[PDB]
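No value in this document is a laboratory result; all are computed from the given coordinates. So basically every Cβ, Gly included, is an ideal-geometry build from the backbone, and we count neighbours across all protein chains shown.
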Amino acid sequence: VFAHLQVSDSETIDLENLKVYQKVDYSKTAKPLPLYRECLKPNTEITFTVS
RNA sequence: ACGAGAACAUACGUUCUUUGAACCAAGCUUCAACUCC
């Protein structure tokens, strides 16, 4: 079933939609962890072509 | 004082002419740059 799913990449997202976040863990109460990862800012549209 | 004596089975002559080791065939199939604290 996965040999017949054709998914491509996306078009090149503009570089202004990237934002560096703090990785926070929330088990009982939120506390930060020293790890920043460069994510996308929310409500950002990314376009794929899947067949 | 031998059915004997003398006498090269020798001379000449391209294993040679024509002939694709070719034809067909995806280096591909399945994978999250990821999990934990």
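Data table
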quantity	calculated
Rg over Rh [alpha-carbon atoms, Kirkwood Rh] for chain A	1.16
In range of the label at A:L5: residues from segment A:36-51 whose backbone nitrogen is under 20 Å from the point 7 Å along Cα→Cβ	A:46-51
Loop trypsin sites (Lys or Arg not before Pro), chain A, which have at most 14 other Cβ atoms in a 10 Å radius of their Cβ (DSSP)	A:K28
Low-density loop positions, GluC sites (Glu not before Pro), chain A - DSSP coil, at most 12 other Cβ in 10 Å	A:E11, A:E45
Per DSSP, loop chymotrypsin sites (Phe, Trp or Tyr not before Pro) in segment A:13-51 with at most 10 further Cβ within 10 Å	A:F48
